[PDB]
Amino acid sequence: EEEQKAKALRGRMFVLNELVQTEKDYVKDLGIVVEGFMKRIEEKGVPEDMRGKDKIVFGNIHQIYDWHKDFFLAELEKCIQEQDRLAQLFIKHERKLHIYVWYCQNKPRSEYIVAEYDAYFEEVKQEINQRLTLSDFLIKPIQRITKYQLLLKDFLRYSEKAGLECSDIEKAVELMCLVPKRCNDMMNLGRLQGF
């Protein structure tokens, strides 16, 4: 009985540790986009045919990079010591999640320019010594939102099997179900019209 609760509390620390570690790797990956790909492009220059199109490719990813590197990662680390702050962390910053929905809506245009200039961006990748393509990096913010949902769901189960007050955690989960859906809606609307 109380041995089942102890396993459940363990499960819940595990999920938090996975949330923080994948957050560190998420920040590193965004850093490769911003401090690697985008920095290399300023050094390398863009062919005249592409003038300004790099802004469409990267969109608002810097806004996402800064928010996780400078705020969200540290707030998640603080949750390892103060567990109940986790649900409120997602709830209280719901409006900030529009940066992701904004990212999703611009995604079809970005995908087009990345493919249209594939040889150029393949050069950039080589010139920064990365194994993954630019496209494999630019998907990561979209994937990250589904990762938060899956992890908050595991956090929810463990916290239920520990007999804990789950009310604010259910709201956190519901929120991170609605964001991927809105993301997919925006992307699908952006498929209706191109250049």
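In case it trips you up, residue 1 is the first one in the sequence shown, and so on.
- If you average the C-alpha B-factors over 101-109 and over 87-95, the higher value belongs to 87-95.
- On average the C-alpha atoms of 163-171 have higher B-factors than those of the other stretch, with 55-63 and 163-171 being the two compared.
- Per the PDB record, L156 has a higher Cα B-factor than any other of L138, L156, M38, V27.
- Annotation for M186: CA B-factor lies in the lowest third of the chain's modelled residues.
- Ranked by Cα temperature factor within the chain, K147 sits in the lowest third according to the deposited record.
- Compared with the other modelled residues of the chain, the Cα B-factor recorded for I128 ranks in the middle third.
- When the CA B factors of the chain's modelled residues are split into thirds, the value for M13 lands in the highest one.
- Ranked by Cα temperature factor within the chain, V179 sits in the middle third according to the deposited record.
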